[PDB]
Number of protein chains: 6
Amino acid sequence: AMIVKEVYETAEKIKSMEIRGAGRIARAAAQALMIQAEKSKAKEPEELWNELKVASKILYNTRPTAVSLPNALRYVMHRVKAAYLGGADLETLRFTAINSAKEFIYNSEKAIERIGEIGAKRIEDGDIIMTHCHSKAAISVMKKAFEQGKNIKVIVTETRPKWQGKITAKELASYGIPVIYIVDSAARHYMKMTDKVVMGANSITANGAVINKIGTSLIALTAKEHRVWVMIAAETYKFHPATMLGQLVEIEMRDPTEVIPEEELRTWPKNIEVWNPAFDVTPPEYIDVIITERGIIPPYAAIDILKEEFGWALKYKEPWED
Amino acid sequence: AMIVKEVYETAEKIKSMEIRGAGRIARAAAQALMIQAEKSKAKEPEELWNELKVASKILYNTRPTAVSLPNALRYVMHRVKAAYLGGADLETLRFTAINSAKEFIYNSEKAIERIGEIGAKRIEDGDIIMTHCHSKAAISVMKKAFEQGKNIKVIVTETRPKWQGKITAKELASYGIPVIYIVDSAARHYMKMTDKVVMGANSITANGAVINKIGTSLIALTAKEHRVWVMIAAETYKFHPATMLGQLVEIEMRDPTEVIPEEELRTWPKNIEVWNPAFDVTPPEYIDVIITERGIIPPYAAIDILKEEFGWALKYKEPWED
Amino acid sequence: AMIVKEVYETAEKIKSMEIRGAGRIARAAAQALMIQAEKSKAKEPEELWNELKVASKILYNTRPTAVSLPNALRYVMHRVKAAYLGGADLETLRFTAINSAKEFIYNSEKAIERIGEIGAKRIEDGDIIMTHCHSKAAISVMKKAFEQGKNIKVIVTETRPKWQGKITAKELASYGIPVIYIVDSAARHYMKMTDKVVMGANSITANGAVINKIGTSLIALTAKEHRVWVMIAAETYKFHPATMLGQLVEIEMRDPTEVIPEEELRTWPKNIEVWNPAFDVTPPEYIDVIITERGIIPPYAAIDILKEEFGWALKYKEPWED
Amino acid sequence: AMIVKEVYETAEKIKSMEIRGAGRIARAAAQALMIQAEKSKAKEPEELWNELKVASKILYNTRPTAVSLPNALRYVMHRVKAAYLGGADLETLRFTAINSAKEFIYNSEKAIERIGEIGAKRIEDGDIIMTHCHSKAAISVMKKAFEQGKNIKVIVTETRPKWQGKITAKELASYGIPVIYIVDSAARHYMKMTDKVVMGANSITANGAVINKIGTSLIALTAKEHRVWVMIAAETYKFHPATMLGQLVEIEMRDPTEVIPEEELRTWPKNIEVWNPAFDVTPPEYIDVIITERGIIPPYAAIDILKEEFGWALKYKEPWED
Amino acid sequence: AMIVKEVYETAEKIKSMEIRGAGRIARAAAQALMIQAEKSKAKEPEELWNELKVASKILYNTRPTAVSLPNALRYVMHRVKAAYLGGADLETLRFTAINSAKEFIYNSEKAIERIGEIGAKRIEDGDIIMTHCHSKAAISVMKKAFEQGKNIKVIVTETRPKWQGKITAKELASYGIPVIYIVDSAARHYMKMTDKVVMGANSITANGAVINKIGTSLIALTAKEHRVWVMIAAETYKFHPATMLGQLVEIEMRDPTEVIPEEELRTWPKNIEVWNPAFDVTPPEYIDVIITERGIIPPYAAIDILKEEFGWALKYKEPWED
Amino acid sequence: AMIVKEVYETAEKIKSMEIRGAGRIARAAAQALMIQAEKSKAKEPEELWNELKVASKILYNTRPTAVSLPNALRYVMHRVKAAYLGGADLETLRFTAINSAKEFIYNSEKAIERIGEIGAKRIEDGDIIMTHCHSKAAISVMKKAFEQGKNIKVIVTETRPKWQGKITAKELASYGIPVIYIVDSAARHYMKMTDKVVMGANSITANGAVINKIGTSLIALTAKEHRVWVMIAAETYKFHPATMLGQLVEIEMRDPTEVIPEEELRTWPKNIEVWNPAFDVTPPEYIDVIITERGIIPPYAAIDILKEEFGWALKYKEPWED
Ligand SMILES: Nc1nc2c(ncn2[C@@H]2O[C@H](COP(=O)(O)O)[C@@H](O)[C@H]2O)c(=O)[nH]1
Ligand SMILES: Nc1nc2c(ncn2[C@@H]2O[C@H](COP(=O)(O)O)[C@@H](O)[C@H]2O)c(=O)[nH]1
Ligand SMILES: Nc1nc2c(ncn2[C@@H]2O[C@H](COP(=O)(O)O)[C@@H](O)[C@H]2O)c(=O)[nH]1
Ligand SMILES: Nc1nc2c(ncn2[C@@H]2O[C@H](COP(=O)(O)O)[C@@H](O)[C@H]2O)c(=O)[nH]1
Ligand SMILES: O=P(O)(O)OC[C@H]1O[C@H](OP(=O)(O)O)[C@H](O)[C@@H]1O
Ligand SMILES: [K+]
Ligand SMILES: [K+]
């Protein structure tokens, strides 16, 4: 019942995309569970457990499509449930919460680094790399390859409606990496000069499909058409365990006003419908590798990642549920 | 030289895309040679011939990619040059020019209406049609299909950078046609629900390729992927003579600020280049039919349309040349 | 008003498929117009013309999909109309009818022969040929190749629902050609041992698609997948002129009882719907050549055939119309 | 040797396909070793072990392609052989056999229900699903989807020669599900309206190929063409151990008269051979997922299912061998 | 007949490939017809006609695959035969042979020079160009583009067995064009860096296939795979008129000693057969353009080139026949 | 260190390719480590360790592309290093080197013999088999299938530049297998008649790509094109462990004199560069199976072979390092 103000604030900021990026929203939800445990006023273990269940729900019900977020909450809450059920007292429960969130947030940082170090080995001197949206994991790859002294260049697609290519362009330029900035429709037109495509992921499924920013699948299609390697930089917590048992991943339909600003859109007639999918599905046949913190896999090995690290939990209900 | 106001105003409105659309700029270019010949104060054929030569040059030197523009100038000036070299006095030459240009304008209007009637027979009741940019020819097909009582819906892509899709969406909604407005990036995601794709052309080459608004090649590519018919609606003067003797069509690179506004681009680091190609090249394999005003063709029959209608002029210079 | 009994009988037999095969039903409709003219009791030219208009309609409204039939009727009726309108008397009109039908029927026979002679040159000694349905034009090819002394073998697909493979099997066996008879679902399974596919056509369209017996498109798909040449044996009157101006070809939906016999089908519940398309469309990308009486063309040249021999008539309404 | 009536009656009902379906014949084969051990009058382990050996041989030697049958025999007899070689007395061995076979039967029933629950999550409301033959596993998915209130329709292919599609259509219509019944040949024509394909398996090989009813490879091929998901519903005992060490799966050639009835075939010329393969091989590339009772896999993960569940037995002989 | 030595030397040097290339050998058969006529000791017009018919057969029976050679003999002998049947006296006939030969020889040189100018327009500055064998038509494109100031590099495949890549390497190096020389097997490895492919043609068939040096089809395949333009530079006399009536082009099989020298091959055992096909067949779908002296065509308009230039001649027997 | 002559002779004969094949050179580096140990004059365990580390570096720096060679050196030196760090005395260490070498050499011979038996099961009587270079693993499949009584023929591509096809041709002819010998360029021409492709492998990466003799990827491409199985016969020590952490496999570039002999090359001009890549990269989508000594895997499970056998070793530095 008694939820801190930071949990609510994190939720509002994830919903609104003030905070965004699959990896970042996951860390932000771990963080919010950390703070709820730190600042809790509860006296019983039962009453902390109840606050953590509710803050978890509040954070789960922000954005559907990126499984990183649910996975972050599970990382904490599996550990919190097993403590509460194993009979821990208040402070042992509170530490379990805080130190689990801390581990996740730390593992997320190290994994993004390691993904960089590993993807970079596939970038050769002189490469022209196309990317899409703004993915920390993809950027960690391009960044490390530059620092290795490879003279790379990155074709950045503006990525409508939310324009996150701008973020990517300025970030890459800031490290000294030259950028070619283009609208999304130019991807095919520039694929003939591209050597590598490198993008992120919000969720990766049992059969190896990659759910990522709207337009990703298009870029992968023409990449394949041209024999340009498509490389998906993604952490193991981007892999989606409900899919092993048949679950389809919800594609988030965001507000039409992101596409057409409110002032303008109110003047349009009723029989125009603005549709704003935030993600699309890229089939595994159009992906050459997925680069996780544990190494290069072909996308069809997504099921191995899911088996060895998440399978166990699918016989149990969700670790924030009553 | 002594060129009329309306030749400069038209040429600069083509340049700024205040007047746009491959058809319309071709009518506008004819309409301007027309007003030059109307208001010319020359007192001698050779003086007016020289006026019309120079007005043509100015109109050619505006935008390069849509061969519709030079085909319109060719249409007036092949005739004006034949009359002048024949011996025509002033009023004969003036009438030749004025009338030639009226023919082209009337023929362009009729050709478009015709393309709509033909193309609409390839549209079936219940069809969801995806389009791109704003093409009068493609709209003619859609409009006509709807007037025939086929219950259609058109998926309109916004069409970055210049947003012509906004025009398309308001235009079709105003004729009664339900519109689904999406970003260019969503073309693959929504290709599964799409029955037909209907797009325009700016240039059609000898070997069947179609130069049309940037992103056309992506839509076409993924339409092939999904076995959706790609129909290109295009008047015969969209077809490109010079491609018969090996000519590559230039792709217009327009100003970076169409993508990133001036107020913002000036703040961006020097090592980001913004690249804004106005068109791309869709290869023939991804096109099912080109609809002309003389009927349905496979795209590899573009050489026939050009052999029969344009071939004769390629042993000559341009009809505005010294 | 006064229509002979043979016209009605031909119609009933075309509807029912007692007479069948694109080529044969065309000759049978020429024949029926022949007999109506031969036996007519009319005294005025106006009154023969009126009987021929009506018998033509009766024959047009038998089966939609095979354009051979409409083309046969036009071959006669274009010539009859131009005579009647040019002022011919009764007997001159009657001869024009009879002798036009005679020419068509003769040209049909010679064309099927010539198609044989030309297709056969593409059959090599030892070839294994898959066919589908029963096509005289396809059979003329296999037959001639055998008589040339090539030791061929033909995989005949049974061709459901109407089982016309049986006809093909017995006919080929009768000339001494060995046959492998298979259900339609085995086509892919046996494509690896097949050297050539050779099928007929009911209608061929402007952009080069081939409308032929249901299942043709499937056979062509896997043929292409395997690099097995697909050869369509077809007369110029199989080419469909309404398509040059955008017309879609009606696919005939025949009686469900052809699939499931009446005795049985009456016992099935209402929420099962038997659907019986008689034809499908094979796209031109899956056809290597069309073999007409005038030679080998790639399917994209279907528009050339249509242009040079049928284009002229599309400005006029139908030559049996009032 | 002394074999019970029910072993012969079952073996000959498998042979005649009076009992058919890869699952069902596997349950039937277990059910027969069960009834042998029940009613055996042996008074000594070695006598009963020899009875069960010989009953197994007889049951193996019925139909070769569906590895479900020998996996069922392996399931009983690996256990029966371990007990006998362990020293088990008569009643221990008899119980081992009787109970082993009951386990397999209970597990097969549960596995199928489970596959339906998992697979139905990949089915969406409004989906038109095309199926082939009659597969209990595929039907489980469809049935379950419908019980979940997804408004579906199933296109059922009749499935020549043996017409199993009739069974499928009456079965789904009797649970309330609207059915569209078509011939195998119409699969491509109706693939454009199809959202999902759901088919069963008889054998799944190490490299991911799927041996299933003849025609499956065509449906799959053209589903890929159109980007329709191909889902194969298959229990883990449909997976084929021996393919791990290079074994080609034999394709069952059944009797010509299943195609052409005896009354008719006897009248046909000697130079027609009728070829009736019962199955074909769909390669992994054309399959999106295999749905097992342990979840969704890419088809290239069939080696994992076999490494983990079957690998150990390949250094041994069959558990019925001398 | 009294056949001059120069005819027998030309045939010998064509069989041995001392004189080679489809154009070159065409010119050489014209040259030799020209010399038969110039040096003939024939007193009567009957006697010269017979000497030329015989010289023509001799030349035709050297190398079957390149149609250029017989098309040359036609050009002369069609004209020599019209003269003779029209009743020409001796010196009239002799001159017709001589001036027909000289016409063909001059047109060949023009056509090749003009293919250069047309083709060069498709080469863009910076281009890397892969070629195969030694084609004068291909070399004229590459040479002309270099003379226009475009910095190119050419990847010359060595072209086994006869090593003609060596002739091409030295030839392009001698015009100042940098060459990269590689074994045939490396064509795919280096296709990623290739911008354009440019090759010649020995015969081009009615549906667009290009018969050219063994290996041409593999380069074209991987070229397509990587979306690299494949351009065939071919005079109109390489188009194969017999193919319009279904004829297959024979693939010349040459001595096994070209592959393994005789010192070595004689030691090898009998159960090694060495097969040396001199040409293969590229299908039209892997060819983007044929460049002829009259323009750029898609491969599918090869039939138009044939209909309009050689199609007349197919109803008559070969000029040199009686 | 005191390195024995046999180590320096082995390195020299590996660089010059006098000893070649990925397996063979692996065994030869083991053999040489074995001889360093056998003939060592080292009085102390420190001194032998240093002599082996140095001999290992020498052997590693011969030919980079074949991972078999370093994987052999690992097998020994991992074990030699465990002994030394565990504190082993001299003769303990020396034996560990000798018995580790002998272990690897015996396992290699077994693995190849066993690949033969597994692979042969996929060869079917009548098969025509195309191969490339000279692979002992591929040859063992083909040999074993012939010894099983299956009548096969093998198409041996000559494999330029080093002509290893000659070694394969004589070798298979010597077991009584008929060979068809052809230039590399003819692979597509003869793929129509080929039933199976069987080739070796120098390294196999984490996502399934196969690095093998230059040309391998072209054969695999056209094989895929024609639906011919491509089978890679490769021991588990050809799988490349460094690729799991993103490393790219280096392509050895060898002397240009292998392509053009020095007598001739010295005469050629400087602006001809001769490039001699020894390997190319076949992507996994063009490979149907890898045959290892432990079974058949789809190319996408190369990662499982690596995880389960070599994955442990990646956190440590190379055994021969300090
Ligand atoms: N749409 C969708 N596809 C998924 C999901 N999980 C896995 N997939 C797989 O992703 C692929 C999508 O291919 P597409 O339909 O884009 O051609 C399918 O093969 C499907 O099996 C999911 O949640 N949604
Ligand atoms: N369905 C249909 N397609 C036609 C017709 N005429 C021409 N076509 C062409 O045939 C092709 C059919 O391809 P599909 O949809 O089978 O992939 C299309 O590209 C279409 O333009 C017609 O009457 N009906
Ligand atoms: N082999 C061969 N193919 C020819 C010839 N003329 C035309 N073709 C055409 O060339 C193509 C060969 O394609 P492939 O079978 O190599 O994939 C087909 O479209 C075929 O119909 C000829 O003389 N020989
Ligand atoms: N060139 C190269 N490709 C590799 C290597 N390791 C794995 N690959 C994979 O091999 C494939 C090469 O395909 P290609 O670009 O030839 O079409 C890709 O899937 C790529 O990601 C390596 O070391 N080099
Ligand atoms: O002639 P219509 O069919 O209207 O349009 C033809 C094409 O020309 C336009 O170019 P732009 O907007 O002027 O750059 C668009 O690319 C459009 O599809
Ligand atoms: K669709
Ligand atoms: K569909």
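Coordinates for the structure precede this section.
Described in the following lines is the structure provided in the data block.

Here we take up the relation of the copies chain A and chain D. Relative to chain D, chain A is turned by 120° and slid 0.0 Å along the rotation axis, the superposed coordinates differing by an RMSD of 0.2 Å. The symmetry that links the two subunits is that of a three-fold axis. Among all residues of chain A, the one whose C-alpha sits closest to the rotation axis is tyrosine 300 of chain A, at a distance of 4.1 Å. When you check the interface residues of chain A against chain D, a mere 13% turn up at the interface there too, and the two sides of the contact use different surfaces.

The next point concerns the site of ligand 4. With respect to spatial proximity, 13 residues lie near ligand 4, and among them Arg122 of chain A, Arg188 and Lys192 of chain E together with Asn207 and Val249 of chain F are the closest. Between ligand 4 and the protein, one listed contact pairs an oxygen atom with a side-chain N or O atom of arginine 227 of chain A at 3.3 Å. The backbone of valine 249 of chain F places a nitrogen or oxygen atom 2.6 Å from an oxygen atom of ligand 4. Protein coverage of the free-state accessible area of ligand 4, which is 520 Å², stands at 90%. Taken together, the residues that form the shell around ligand 4 break down as 6 nonpolar, 2 polar and 5 charged.

Residues and elements named next belong to chain D. At the metal site, the potassium ion (ligand 7) is ligated by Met191 (O), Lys192 (O) and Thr194 (O), and these contacts range over 2.7 to 3.1 Å. Spacing between the donor residues of the potassium ion (ligand 7) along the chain follows M-K-x1-T. The distance between the potassium ion (ligand 7) and the potassium ion (ligand 6) comes to 5.7 Å. With a relative accessible area of 1%, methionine 191 lands in the buried category. The exposure class of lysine 192 is exposed, given its relative accessible area of 52%.

Between chain F and chain E, the contact holds 51 residues from the first and 51 residues from the second. A buried area of about 4,100 Å², summed over both sides, lies between chain F and chain E, and 64% of it is on carbon and sulfur atoms. Of all residues in chain F, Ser185, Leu218 and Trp275 of chain F give up the largest surface area on contact with chain E, accounting jointly for 16% of the area buried on that side. Scanning the region where chain F abuts chain E turns up 6 salt bridges. As a salt-bridge pair, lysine 166 of chain E and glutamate 264 of chain F come within 2.8 Å of each other at their nearest N and O atoms. There are 22 residue pairs in polar contact connecting chain F and chain E.

In terms of nonpolar packing, the biggest core is built from 423 residues, with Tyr181 and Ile232 of chain A, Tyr181 and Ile232 of chain C, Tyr181 of chain E together with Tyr181 of chain F touching the most fellow members. Excluding anything up to four places from it in sequence, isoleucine 232 of chain C contacts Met199, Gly200, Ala201, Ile204, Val210, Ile287, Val289, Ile290 and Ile291 of chain C.

Turning our attention to the site of ligand 5. Residues and elements named next belong to chain B. Taken together, the neighbourhood of ligand 5 is formed by 19 residues, with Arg20, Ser135, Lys136, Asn202 and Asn212 sitting nearest. Contact between ligand 5 and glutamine 164: an oxygen atom at 3.2 Å from a side-chain N or O atom of the residue. In the environment of ligand 5, an oxygen atom lies 2.6 Å from a nitrogen or oxygen atom belonging to the side chain of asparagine 212. Burial of ligand 5 by the protein chains amounts to 98% of its free accessible area of 450 Å². Listing elements by their share of the shell around ligand 5, those giving two or more residues are α2 (22–39), α6 (136–147) and β6 (210–213). Within the shell around ligand 5, the residues separate by chemical class into 6 nonpolar, 8 polar and 5 charged. Three or more residues apiece are contributed to the shell around ligand 5 by two domains, here domain 1 (1–109 + 311–322) and domain 2 (110–310).

Overlaying chain F on chain E yields an RMSD of 0.0 Å, the required transformation being a rotation through 180° with an accompanying axial translation of 0.0 Å. Taken together, the turn and the small shift mark the pair as related by a two-fold rotation axis. The overlap is high: 100% of the interface residues of chain F also sit at the interface in chain E, so the same surface is used on both sides.

Before going further, it helps to spend a moment on the coordination of the potassium ion (ligand 6). Coordination of the potassium ion (ligand 6) by the protein is provided by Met191 of chain B (O), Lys192 of chain B (O) and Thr194 of chain B (O), with metal-donor distances spanning 2.7 to 3.1 Å. Positions of the donor residues of the potassium ion (ligand 6), expressed as sequence spacing, correspond to M-K-x1-T.

With that out of the way, let us pick up the arrangement of the chains. Without any contact between them, chain A and chain C keep their closest C-alpha atoms 17 Å apart. The two units chain B and chain F never meet; even their closest C-alpha atoms stay 18 Å apart.

This part covers the interface of chain A and chain D. By a widespread convention, an interface's size corresponds to the accessible area lost as its parts come together. Counting from both sides, the interface comprises 15 residues of chain A and, opposite them, 19 residues of chain D. In terms of surface lost to chain D, no three residues of chain A exceed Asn207, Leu245 and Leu248 of chain A, which account for 37% of the buried area on that side. The tally of links between chain A and chain D comes to 3 salt bridges. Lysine 307 of chain A is paired through a salt bridge with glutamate 308 of chain D; the nearest N and O atoms lie 3.9 Å apart. If you look at where chain A meets chain D, you find 7 residue pairs in polar contact. When grouped by side-chain class, the residues that make up the side of chain A that touches chain D number 8 nonpolar, 4 polar and 3 charged.

Quick notes on the rules
Residues numbered from 1 in each chain as written, not as in the entry; some residues may be left out. Chains lettered and ligands numbered in written order. Heavy atoms only, no water. Least-squares fit on C-alpha atoms. Contact = heavy atoms within 4.5 Å. Near = heavy atom within 4 Å. Polar contact = N/O pair within 3.5 Å; in protein donor to acceptor, adjacent residues only side chain to side chain. Areas by Shrake-Rupley, 256 points an atom, 1.4 Å probe, with all protein chains shown as cover. Nonpolar A, V, L, I, M, F, W, Y, C, P; charged D, E, K, R; others polar. Donors = N, O, S within 2.8 Å, 3.2 Å for Na, K, Ca; no water. Buried < 20%, exposed > 50% of the residue type's maximum accessible area, 1.4 Å probe, protein only. Buried area = accessible area lost by both parts, 1.4 Å probe. Salt bridge = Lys/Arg side-chain N within 4 Å of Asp/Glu carboxyl O. Core = buried A, V, L, I, M, F, W, Y, C linked by side-chain atoms within 4.5 Å. Helix = DSSP H or I, 4+ residues; strand = E, 2+ residues; numbered from the N terminus. Domains from an automatic or database assignment.

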